[PDB]
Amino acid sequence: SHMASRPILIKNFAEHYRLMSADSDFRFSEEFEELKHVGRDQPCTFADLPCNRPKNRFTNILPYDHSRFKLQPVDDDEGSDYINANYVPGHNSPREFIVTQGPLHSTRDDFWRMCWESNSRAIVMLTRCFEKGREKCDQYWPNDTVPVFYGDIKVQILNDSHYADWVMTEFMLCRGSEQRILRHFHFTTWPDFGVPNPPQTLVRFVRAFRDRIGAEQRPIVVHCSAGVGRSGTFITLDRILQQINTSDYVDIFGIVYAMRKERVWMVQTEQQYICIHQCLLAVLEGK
């Protein structure tokens, strides 16, 4: 099993890392290059419908038709089923994650409807709203305790908890007389360029998140800006940290491959692919 899987004995990971990164990441680079076409020959029909094009943050980041998340149709709209979202597999379910773009003001009603309709209880945000002066994501949630309606979804902060690299916010979600609690895990520290360094701040966040959420059976919403690179990095990382618990092997390659099949650019860059490896190496070495 060699085309879409490169499993490594956990007992050998450190050497694998060494070997993989030797010669200015020759083998890592080569490995990652094999993923560049995966998934890409699949249709994105609805993402291209003239009524949906304003719903995409980036023209070149579009959901595959086969895995896209669909909103309930609204009887006059047309593409009112549409969102830039895709089901992406995790450790626990082939549909464990719904990964999406950072909402535009234009789409934050859509975004909360997705949360609601998906029955998701947890959002993972891996970006700042503004980075280097560019806006990367609308502020789709309240700044304070005054509830705010987004579409038919009333969102209210119950409490928040600030940390060195993340803030977690417990929302109460009401739709009609129907009530849920949702937790929002906001990693606020990803650097303006490159990957987090040292990588450990991201492991600590993945640990906190997973320790908090438990073995969720409902889809977890994940996003950054395009919902591909940073989101890809996070999921892979959360997956392999669960994997090592019950297995003898890890398969970062096999995981990224599965993800590409479900949404474009899932682990986006060679630097992040390497990062995933480094994070796990820290873990396996007692940080």
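Residue indices: 1-based, along the sequence shown.
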Checklist entry - Of the two stretches 16 to 24 and 269 to 277, which shows the higher Cα B-factor on average in the entry? => result 16 to 24
Next on the checklist: Please compare 120 to 128 with 166 to 174 and say which has the higher mean C-alpha temperature factor in the record.
Outcome noted: 166 to 174
Checklist entry - Per the PDB entry, which option out of 100, 107, 139, 159 has the greatest Cα B factor? => result 159
Item to check | Out of 59, 67, 225, 245, highest CA B-factor residue | outcome: 245
Checklist entry - According to the PDB entry, is the CA B factor of residue 72 in the bottom, middle or top third of its chain, that is, lowest, middle or highest? => result highest
Item to check | For residue 154, the third of its chain into which the C-alpha B factor falls | outcome: highest
Item to check | Entry-reported Cα temperature factor of residue 186, expressed as the chain third it lands in | outcome: lowest
Checklist outcome for this item: So, residue 86's CA B-factor, relative to its chain, sits in which third? The lowest
Checklist entry - Taking the C-alpha B-factors as the PDB entry records them, is residue 47 in the lowest, middle or highest third of its chain? => result middle
